[PDB]
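The structure tokens that follow cover one protein chain in two forms, given apart as structure 1 and structure 2.
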Structure 1
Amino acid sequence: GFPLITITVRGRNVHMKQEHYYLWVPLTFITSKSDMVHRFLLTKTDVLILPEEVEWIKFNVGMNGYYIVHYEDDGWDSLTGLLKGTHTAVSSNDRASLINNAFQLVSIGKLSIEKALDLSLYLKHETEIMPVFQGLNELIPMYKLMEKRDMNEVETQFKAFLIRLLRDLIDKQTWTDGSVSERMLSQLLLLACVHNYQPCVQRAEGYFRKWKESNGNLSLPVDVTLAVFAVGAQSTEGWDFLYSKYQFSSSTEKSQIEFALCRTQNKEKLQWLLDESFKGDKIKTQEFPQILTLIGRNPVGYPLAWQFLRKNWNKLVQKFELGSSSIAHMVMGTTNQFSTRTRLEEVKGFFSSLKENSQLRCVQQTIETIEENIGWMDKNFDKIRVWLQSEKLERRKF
């Protein structure tokens, strides 16, 4: 029930529609040769009429912080081109807005993934956190949808794309600790490393092997620590050594080792964590929800955390209330990345039989997120298969 303020410009005649995905809408914008910000308030349609004729127009609807803008064809192509050559002209949070809405409209069915992606390609030049983060925030859920389906080829290619994009910025991070922002941008080191960018997955191994070769006495930078452990847990000696430290020793490493422990393709170890977390003795049950969410997020262990959750639901609600923050969160972490009608009806088929235990906001919120996923992917899989098979192509004449 949020806005959907369609925009059609002709010359300096700026028409704008209303469908509000009536209402009342305190539109804001920034034009091309403006270096300033403007005011307006929409009936169904209106026009405002621009003073001078200008090249591009960026509606950042002054409605609180959340708004949905659509400029259709030519309009998005004007903006796509601004970022692709002169993205510095606009701000970081406007960098975000664009990226955010570009993808919003893809799932709403007013913009095609081909185009929302044919934009993400400028991020190779983005040297700021906010847009990069946004980018990842919109692009990551796609491939996690893929991870839960027969899709190795396009998964891998997507990720290559994603890493290929970010590489420059990845490659210029010192392995140390900038401001609260630069240090957090850490996330790249991890993400690089998780996806096998090899100058990442070679130095982390180094840092890890040494660290454990002092029984974890080396001081690792905090920023690096996640990547370091994330490659560590991919080997049996790695998992075990790091897990011995978890119990034996601090507050933040905990989380970092907690996070890094679940990032394992070992189906045995994984099962272990669900199990013991459940108890409380080895891993305390105070953080079973988080462990369950992350395992759901694993590429191999997604079917475990759902299976476990179902096989032992009767006992989770005795231990975490029938419907609560934890429980809801748990429901959603083991189901909302499913992209099949086969997963959907199981997700429906389970909860719609608990009767007394069966109809919470998390249940019907999740089914929908899956019913979106089904349609989204059906529409877009084949599309994004090619958009990537049509990107690594002359990625210079005369």
Structure 2
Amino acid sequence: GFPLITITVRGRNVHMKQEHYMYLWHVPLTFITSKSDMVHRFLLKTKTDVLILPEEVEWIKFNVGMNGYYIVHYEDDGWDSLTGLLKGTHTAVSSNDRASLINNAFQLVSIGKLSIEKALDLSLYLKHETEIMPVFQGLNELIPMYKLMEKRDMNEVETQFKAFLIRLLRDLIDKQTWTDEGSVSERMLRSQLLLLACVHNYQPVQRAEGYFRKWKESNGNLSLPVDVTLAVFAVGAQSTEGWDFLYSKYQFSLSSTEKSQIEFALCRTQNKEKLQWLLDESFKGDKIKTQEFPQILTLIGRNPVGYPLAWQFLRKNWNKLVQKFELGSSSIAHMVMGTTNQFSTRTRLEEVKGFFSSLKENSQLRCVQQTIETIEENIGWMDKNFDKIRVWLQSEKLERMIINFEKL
């Protein structure tokens, strides 16, 4: 794995410890502080050392002068400190530094060194965030949690959780215009942020219904801003009329990003016959490219109504999937992981091992070990974190209705 630096402050004394998560090197560390001007330097040569600050401080931020991945830990004292910072004055650190913190906190939950309540507490400056970088890294952390909840009997906490995400990003969703305007970062943020809102049935779905209905009523002759099409197709594909129509454009569409967008829309339908239809003609290979099947199987497997037909399909048709798509192929590795790597129970983990060792010669793929390891990890994580997250969600809802701080 990677370097893990632990930072402990005791007045003016900064303790620095290095270790390798999963013996020793000269670690080029930098840092700023609540009193600090510039970026200060320290070469940790040893397991641990201490440096002296000229005065006491309210928060400290470290970076390691290396390429690639590393986590910086601090601890209960230090994470609280940075949290209050991010919530008071979040641009006191850079766009990437805020993304580092977010990524680190949540990995440290998975590693067992910070609680899930403390990360979920940190993620609340997010209602004050603007920049794309922490917003996506934010999503990269949180969305996986509900993907695990969707495959389980956890509907009430699933909904309170997504309700919490959308509440995080509500002001930044409301700010977007339904145009193609701005820089590459602002176009990508608009696109993914409007699609997220529609995915989560943020009521003000309607806007996308309107644009969709207009677009359809014109037989596709009106132009839609390109930044907004994914949303529009996605909520437009929730009806059968809109699904059938959007599919008609697919056949006659000689545009490749257009066909991709439409592919996504149709795969997110809660109509299961259509999911079964998509998987069938995709696999037949004549109404849809067989090249597309690896994607379509996986998009459906993440579909909260679609996941049991993907996995089932993968299993009934395994011998023909290997003929078309070979065994060693990345295609088959993609389809395995995408249909099973989001399970988080004992029954589910044995279901996989069951199915894949029953293959014999045809069993020895390491994607089966990865998707076991990841399922083992999910099981551990859920077993540990679901009751915590559930109490945190219910609790955080309640302090907005009334906390002792909120006057009295």
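Residue 1 is the first residue of structure 1, and the numbers go on in sequence order from there. Think of the rigid core as the biggest set of C-alphas that the two forms share within 1.5 Å after superposition.
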Quick one: once the rigid core is lined up, does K33 have its C-alpha move by 2 Å or more between structures 1 and 2? yes
After the core is matched up, is the C-alpha of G349 off by 2 Å or more between structures 1 and 2? no
Does superposing the core leave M16 with a CA shift of 2 Å or more between structures 1 and 2? yes
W56: how far does its C-alpha move between structures 1 and 2, core aligned, in angstrom? 2.1
With the core held fixed, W272 moves its Cα between structures 1 and 2 by a number of Å equal to 0.6
Please give the CA displacement of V386 between structures 1 and 2, in Å, after core superposition. 1.1
